[PDB]
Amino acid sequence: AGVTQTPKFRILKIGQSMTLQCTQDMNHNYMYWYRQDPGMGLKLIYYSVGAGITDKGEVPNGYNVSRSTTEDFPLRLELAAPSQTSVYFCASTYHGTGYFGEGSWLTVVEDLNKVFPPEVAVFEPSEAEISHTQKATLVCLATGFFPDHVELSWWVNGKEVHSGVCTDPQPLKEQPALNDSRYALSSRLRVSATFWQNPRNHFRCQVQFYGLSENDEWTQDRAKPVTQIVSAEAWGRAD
């Protein structure tokens, strides 16, 4: 299915290596790697005009690439530095039009003990909103997490729900001066008051966190913040 890049999420300690995969099955010759920092444009790292051919882009330093085949254009980070924290996008072109992978969110940390799983809590609709609007807003708050490698979703009666949902576009920083401040992220699910006031209805906010792996060595006296799902739930409420 198109340009596919892997991992979607990774945490590295300073000095470690990693390879970002990108595979393209459309027989495109021209392939590109970009990075994008928050709220910025895409900056070209390396590009390849065909199998066996690669050239430096705008920002190649600290990166390497290979193109032994038309299908694969791996990006290597040989020795991870904090400046390489970014989102990375691979693209191919054919006939002038570009096709992009989904992105790979990479965070490089100086110490793993700045990595934290989210705490998650659900806030139930207020009686006054129900009375006034005939609608019922649930709030999910996910707090205290680092990196911002999370996917928040709502599940109603066991099924992921998409309508009536709004998740903050940007997480917010608990300590805004700090470059590795832990984050807070809110979402809302709004339903008719009728649906919320049914005790048969089950509401769950889920945060999938992408954390450390067993390539990581953990020293701290807290649980190793591994990839994991933290949820919070509420039952519909008659009373």
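Sequential numbering from 1, following the sequence displayed.
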| property | result |
| --- | --- |
| Stretch with the greater mean C-alpha B-factor as recorded in the entry, comparing 216-224 against 6-14 | 216-224 |
| Mean temperature factor over C-alpha atoms, higher-scoring stretch between 160-168 and 131-139 | 160-168 |
| Candidate residues 48, 186, 69, 36, the one whose C-alpha B factor the record puts highest | 186 |
| Chain-relative CA temperature factor third for residue 200 | lowest |
| Cα B factor band for residue 114 (lowest, middle or highest third within the chain) | middle |
| Modelled-residue ranking by C-alpha temperature factor, third containing residue 192 | middle |
| Third assignment of residue 96 from its chain's C-alpha B-factors | highest |
| Residue 176 by Cα B-factor - lowest, middle or highest third of the modelled chain | highest |
